[PDB]
């Protein structure tokens, strides 16, 4: 950590790393992150899981880990004594099953603690003592319980000691009787009590998938929630997650987020803007209008001045046409279309880096290219957004100063004429 005092200047993307670090170091205690890792992960990828969690804990951060026991107990060691795996409301365990669950959750818990230590970091075994539960479901569900309180003494002790606290889903009733707590109801209680700035689900998949097969980078629940639930291509398992994640995020401050990655990406996910998994925030709504009057042109001047680093030319704003503008509620990202020969033309796309990390730039760019299937725009040849534009474009012409892109399905010869006019437009920002 002292040997990471100025080990913050050189990695393959080194400057926004600093800022993500100096933000998770707003510790309070263990209010940094509640990381839920499934039973499947500790079995099929324990080293990678460990290195990833242990990496954090050397750079100062101390997550609170909750692990399940899916494959471990719900199979490998509870089909063994031919007990068989009945699943009622969401999980039944008769009194006979209890001592096996006890011994196999504790075994995974310690398996992980040691893995973290052996990987360079520090962990703290907390199988029990956190979850105080009620039992009301006796003949209904058996010995499964619902959290009434969270003792955070053991967890706090761990943070002060610089140790990732490792929780196992074992609970205790008021009068000390043991109980099996389901891993989801457990995470919820903990996220509630701790109010973490970050909730991470480490899965083997590495994030929710979109209609095309790709990983869904950002989800902005304010605009995207309805669209997803309603969709035909979203399978039952994705909707329960989203509905759950949203239930979690509605119980946290706006600054809290959820990430869904695989252990290997976890650092990429937490320490760069672009991320490396699925980010899900409550997010913010957007205005789609063609009435320039309504927009706060001052805040836009600011947005452009910050995003591009240079200001818009004198009297660019009141002289501007506007075919449609898309601006996020906070004026931290915006897309502004004009018209060029009757073609929709993207005149400004401005997104502050911190807005880019929350997925707002994509929230804006998607509503924009949804209105404009056939889109033409340009970008300086040095612009770092060029890689993003090129993944989104369908064609491009490249000169020594500007590069014109286009979207839609038009044979190159069709857009050859509008392209030349875009190269000959005056600069709307100096330098």
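Residue numbers count along the first chain shown, from 1.
- Mean CA temperature factor is higher for 77 to 85 when stretches 77 to 85 and 191 to 199 are set side by side in the entry.
- Higher average CA B factor: 92 to 100, of the stretches 236 to 244 and 92 to 100.
- Of the candidates 122, 321, 332, 268, the PDB record gives 321 the highest C-alpha temperature factor.
- Taking the deposited Cα B-factors for 148, 160, 262, 356, the highest one is held by 148.
- For residue 400, the recorded CA B-factor ranks within the highest third of the chain. Only modelled residues enter the ranking.
- Per the PDB record, residue ranking by Cα B-factor puts residue 44 in the highest third of the chain.
- Annotation for residue 204: C-alpha temperature factor in the middle third relative to the rest of the modelled chain, per the entry.
- Compared with the other modelled residues of the chain, the Cα B-factor recorded for residue 18 ranks in the middle third.
- In this PDB entry, the Cα temperature factor of residue 275 sits in the bottom third of its chain's modelled residues, the lowest group.
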